[PDB]
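What follows is a single chain, given as structure tokens, in the form deposited in one PDB entry.
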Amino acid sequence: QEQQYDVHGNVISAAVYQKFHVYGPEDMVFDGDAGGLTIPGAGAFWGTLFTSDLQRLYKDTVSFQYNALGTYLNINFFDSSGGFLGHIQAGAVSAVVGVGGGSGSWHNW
């Protein structure tokens, strides 16, 4: 069974880059950058982090992919080999559609 944790965060998007910020358990925060094409905008989201190994998620995440599906947001986390480390399911205040991803990592705050 994967462990479940409350998370919350924000996405801010320019036209060609975006930043994702997620507050997780154990006083850790995820910052990720994605580039490509988006509609400029921003919003908050709240949800659940699912992972079978939180320590490994925080140590080994170097990448994220996301799927924005209206007021649903899915964020998947990966290590440098493309291995899946866990994911977030969240509700987003601001409806957005798109898929993308990029570099990111977890750190203390």
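We call the rigid core the largest set of C-alpha positions that still match within 1.5 Å between the two forms. One-based numbering along the sequence shown.
Beyond what is shown, the protein has a form deposited in another entry; the following relates to that form.
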### Query
Core aligned, which of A90, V22, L85, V96 has the Cα that shifts 2 angstroms or more between this form and the one not shown?
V96
### Query
Quick one: once the rigid core is lined up, does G41 have its C-alpha move by 2 Å or more between this form and the one not shown?
no
### Query
For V62, is the CA shift between this form and the one not shown at least 2 Å following rigid-core superposition?
no
#### Entry: Large Cα shift (2 Å or above) at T71 between this form and the one not shown, core-fitted
yes
### in the other entry, shift in Cα separation for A42 relative to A95, 3 Å or more
closer
### Query
Any idea whether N10 and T71 get closer or farther by CA distance in the other entry, knowing it moves 3 angstroms or more?
farther
